[PDB]
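Undergrad: Once you've had a glance at the structure underneath, I'll fire off some questions.
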Amino acid sequence: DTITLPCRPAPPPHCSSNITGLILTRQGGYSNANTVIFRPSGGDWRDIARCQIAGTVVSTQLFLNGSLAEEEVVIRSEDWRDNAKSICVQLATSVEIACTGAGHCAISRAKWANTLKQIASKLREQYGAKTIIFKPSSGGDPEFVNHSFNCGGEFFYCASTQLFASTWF
Amino acid sequence: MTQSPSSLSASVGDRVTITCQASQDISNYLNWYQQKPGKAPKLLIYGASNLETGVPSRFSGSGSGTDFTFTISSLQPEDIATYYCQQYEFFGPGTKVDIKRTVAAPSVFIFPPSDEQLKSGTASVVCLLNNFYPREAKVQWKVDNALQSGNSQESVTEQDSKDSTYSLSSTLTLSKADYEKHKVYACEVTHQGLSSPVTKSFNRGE
Amino acid sequence: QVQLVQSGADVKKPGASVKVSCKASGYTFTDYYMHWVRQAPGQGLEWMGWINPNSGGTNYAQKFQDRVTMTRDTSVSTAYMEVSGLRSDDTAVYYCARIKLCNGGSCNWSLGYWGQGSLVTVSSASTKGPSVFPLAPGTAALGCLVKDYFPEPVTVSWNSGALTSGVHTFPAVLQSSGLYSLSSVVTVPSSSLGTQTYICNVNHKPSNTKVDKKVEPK
Ligand SMILES: *[C@@H]1O[C@H](CO)[C@@H](O)[C@H](O)[C@H]1NC(C)=O
Ligand SMILES: *[C@@H]1O[C@H](CO)[C@@H](O)[C@H](O)[C@H]1NC(C)=O
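Protein chains in written order, with PDB author numbering: chain C, 1 to 169; chain L, 4 to 106, 111 to 213; chain H, 1 to 52, 52A, 53 to 82, 82A to 82C, 83 to 100, 100A to 100G, 101 to 126, 134 to 214.
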């Protein structure tokens, strides 16, 4: 019913936001299968900055309280062929993220599964009739391997491995 | 991706053309590398047509979309290397470019086993072929006028970057006991530059 | 000024792991991603992945996913690449490389700078230092036979590098017993025999041995 994100420290309820987009990295190399793998961005604050779709919330991996697209999900990249270029996703409908104040945040599983379906449909326009698989972050530093965000003078780190574990046709 | 040809030989001053094909329209985002034996690949061309800083003008590249070309206008002997095209993470199989030149006969040397190696129970007999062309040569080991086959190993150097020749070594390995049971040790060489075979021999114990 | 200095050669057991380092100098380490590319003996080039030194993020080729770990140390501007579960087909030279800005933006994968490469051999054989024997001699040929060592490579110099012209160091051959062997020869004027001393310096870093071998006539 919901997807849970373990956070540290514990974000209070007034930190609840609307997910308005995210930023991805396409996995490189030969595929030996008709699939394309996407993970949270392996970049840094510059990939997020060139997205130009954030609002007033400093965050990695997911964009909170930002601006939404006007018609449908829009994906933008410098070079789609370049795996070292991050894929910026701007949603048309926001997805509520609610944190309980006890140390975890929750996202509707039906709403997120609807959102990834729209994203996977948009990536297939750029990469063809291939299976779209999202996987967790490949690794990195805490504030970038986790969905981290600022709220009320404090910086929180939320693991997102439950948001990126699905296969779509 | 794909590269054509897989290998080619050319004379000094010749025009060399190498073709690389991409599966998708990459515009001009193509790079070309030169890899000399024993060292890291070296970027020569970027952006399909741009030359890297310091690269001589005999190198150039062209193409756009899927079909690209790499061109050495006048081949020099230091240009012997394997050439790779590259788009993003994907490298082509490489084209190996070597040089054809005039026929050069091999100077042959034979080396008996050192008495120091005989203490370990083994004897190595060495036959040297220095600075020849073409690569094709045949080295036969003859012990008491008997052709040996199956107990020798050859090693050839990469083509010399100055004079475009090759060197070859063939090592016959026998046991010390087997070594003292024969007298005459010889290696006979057959090469295009030798009107007749050359045989370098020694007598054990001399 | 820009250089990438990698770690030496290494031998590892099948199924084990190996960790390769690559230290950067001459530029700001965090301004360029680090790429890793390998080359099997006599074969082409294969990219394994990159690492962002600002964030630690990585992107591996699917062929190496869940098998290779890339990390960095900014304080000494060094990148690391650890490959586990090694198989015989992992024997290769492992390169670190970074790009040079394209002037116009088409060179996000133009590796203009490479390290010297790290030869990693995957076998169960024991590291073994070489034995060094002389190949005793108007041109005369002489040389040194370097036999029974493992793994590769062995480096050869003559007269501490003062003798380079006429020097031919042959590629090593794997003998039937599973050990490596090579020869290094030099052609010199026959008049110099007895007057000029000829010494071949054999180095085999994997077993940490240096041999200074003077070759004399019989
Ligand atoms: C998300 O957006 C809706 C629509 O404006 C709004 O009613 C709701 O309060 C927002 N939720 C959060 C947590 O900001
Ligand atoms: C998002 O907006 C809501 C309502 O405007 C606010 O309460 C919440 O704190 C915001 N999120 C963050 C992370 O500041």
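Note that beta-carbon positions come from the ideal geometry of N, C-alpha and C, so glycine has one too.
Classify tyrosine 176 of chain H as buried or exposed, calling it buried when 16 or more other Cβ atoms lie within 10 Å of its own Cβ.
TA: buried
Undergrad: Is the closest heavy atom of ligand 2 to the C-beta of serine 54 of chain H under 7 Å?
TA: no
Undergrad: Name the chain L residues that come within less than 8 Å of residue 171 of chain C, Cβ to Cβ?
TA: Beyond the ends of chain C as shown, which are 1 and 169, falls residue 171 of chain C; an answer cannot be given.
Undergrad: So the candidates are L:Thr22, L:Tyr91, L:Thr172, L:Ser168; which of them puts its Cα closest to the Cα of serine 63 of chain L?
TA: Comparing Cα-Cα distances from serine 63 of chain L to each of L:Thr22, L:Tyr91, L:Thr172, L:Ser168, the minimum goes to L:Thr22.
Undergrad: Can you pull out the residues from the region 75-98 of chain C whose beta carbon lies closer than 9 Å to at least one beta carbon of chain L?
TA: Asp79, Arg81, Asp82, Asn83, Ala84
Undergrad: If you check the beta carbons only, do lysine 62 of chain H and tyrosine 127 of chain C fall under 8 Å apart?
TA: Not closer than 8 Å, so no.
Undergrad: Which same chain residues end up closer than 6 Å to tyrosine 87 of chain L when comparing Cβ atoms and leaving out the 5 residues on each side of it in sequence?
TA: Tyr36, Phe94, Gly95, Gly97
Undergrad: List the whole-angstrom C-beta distance separating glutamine 90 of chain L from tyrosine 49 of chain L, where the pair is believed to meet the contact cut-off of C-beta under 8 Å.
TA: With a Cβ gap of about 11 Å, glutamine 90 of chain L and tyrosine 49 of chain L do not count as contacting.
Undergrad: Just to make sure I have the definition right: I need the residues of chain H whose C-beta is within less than 8 Å of the C-beta of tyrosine 87 of chain L. Which are they?
TA: One finds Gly44, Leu45 in chain H with Cβ atoms closer than 8 Å to the Cβ of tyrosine 87 of chain L, taken in chain order.
Undergrad: At a CB-CB cut-off below 9 Å, which residues of chain C make contact with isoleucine 102 of chain L?
TA: Neighbours of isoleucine 102 of chain L on chain C: none; closest Cβ ~34 Å, over 9 Å.
Undergrad: Mind checking whether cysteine 196 of chain H and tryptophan 154 of chain H have CB atoms under 8 Å apart?
TA: Contact: yes.
Undergrad: Return the chain-ordered list of same chain residues with a C-beta closer than 8 Å to the C-beta of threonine 93 of chain C, the five sequence neighbours on each side being excluded.
TA: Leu68, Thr115
Undergrad: Rounded to whole angstroms, what's the CA-CA distance from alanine 137 of chain H to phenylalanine 116 of chain L? Just pull it up for me.
TA: 7 Å
Undergrad: Under the three-state reduction of DSSP, which class applies to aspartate 86 of chain H: helix, strand or coil?
TA: helix
Undergrad: Using a strict less-than 5 Å threshold between each residue's beta carbon and the heavy atoms of ligand 1, what residues do you get?
TA: C:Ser16, C:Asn18
Undergrad: Pick from C:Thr25, C:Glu78, C:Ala129: whose alpha carbon is nearest that of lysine 135 of chain C?
TA: Closest by alpha carbon: C:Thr25.
Undergrad: Any chance the CB of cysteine 151 of chain C is under 7 Å from a heavy atom of ligand 2?
TA: yes
Undergrad: Ignore the nearest five residues each way along the sequence and tell me which others in residue 259 of chain L's own chain have a CB closer than 7 Å to its CB.
TA: With chain L running from 4 to 213 in the structure shown, residue 259 of chain L is simply not present.
Undergrad: Threshold first: 3 residues or longer. Then list the beta strand (DSSP E) segments lying entirely within the region 118-202 of chain L, N to C.
TA: 129-139, 144-150, 153-155, 159-163, 173-182, 191-198
Undergrad: Chain C beta carbons: is any one of them nearer than 8 Å to that of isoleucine 21 of chain L?
TA: no
Undergrad: Can you list, in chain order, the residues of its chain with a C-beta nearer than 8 Å to that of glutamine 199 of chain L? Leave out the 5 residues immediately preceding and following it.
TA: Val106, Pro141, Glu143
Undergrad: In angstroms, rounded to a whole number, what distance separates the CA positions of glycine 103 of chain C and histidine 147 of chain C?
TA: 14 Å
Undergrad: Taking buried to mean at least 16 other C-beta atoms within 10 Å of its own C-beta, is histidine 200 of chain H buried or exposed?
TA: buried
Undergrad: Cβ of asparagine 65 of chain C within 7 Å of any heavy atom in ligand 2?
TA: Yes - ligand 2 has a heavy atom lying nearer than 7 Å to the Cβ of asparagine 65 of chain C.
Undergrad: Using 8 Å as the cut-off, can you tell me whether the region 14-26 of chain H makes contact with the region 41-51 of chain H, which would need three or more C-beta pairs spanning the two stretches below that distance?
TA: no
Undergrad: For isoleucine 87 of chain C, write down the residues that DSSP places opposite it in a beta bridge.
TA: Bridge partners of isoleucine 87 of chain C: C:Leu24.
Undergrad: Would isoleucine 37 of chain C count as contacting chain H if we go by Cβ distances under 8 Å?
TA: Cβ-Cβ to chain H under 8 Å: yes for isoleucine 37 of chain C.
Undergrad: Taking Cβ-Cβ distances shorter than 9 Å, what residues in chain H pair up with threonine 164 of chain L?
TA: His164, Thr165, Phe166, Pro167
Undergrad: Quick check for students: name the residue ranges of the beta strand (DSSP E) that lie wholly in the region 6-48 of chain H, counting only runs of 3 or more.
TA: 10-12, 17-25, 34-39
Undergrad: Can we say the region 182-198 of chain L touches the region 83-100 of chain H, given the rule of at least three CB pairs closer than 8 Å?
TA: no
Undergrad: Please go through the same chain and pick out, in chain order, the residues whose beta-carbon is closer than 7 Å to the beta-carbon of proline 14 of chain H, but skip the five residues on each side of it.
TA: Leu82C, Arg83, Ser84, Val111, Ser113
Undergrad: Any heavy atom of ligand 2 closer than 7 Å to the CB of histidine 147 of chain C?
TA: It does not: the Cβ of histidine 147 of chain C is nowhere closer than 7 Å to a heavy atom of ligand 2.
Undergrad: Using CA atoms only, rank isn't needed, just tell me which of C:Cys151, C:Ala98, C:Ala113, C:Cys7 is closest to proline 142 of chain C.
TA: C:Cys7
Undergrad: Here's the rule: buried if 16 or more other CB atoms are within 10 angstroms of the residue's CB, otherwise exposed. What is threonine 68 of chain H?
TA: It counts as buried.
Undergrad: Flag this pair as yes or no: are the beta carbons of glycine 139 of chain H and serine 172 of chain H separated by less than 8 Å?
TA: no
Undergrad: For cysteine 15 of chain C, name the three-state secondary structure that DSSP assigns.
TA: DSSP places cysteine 15 of chain C in helix when its eight states are reduced to three.
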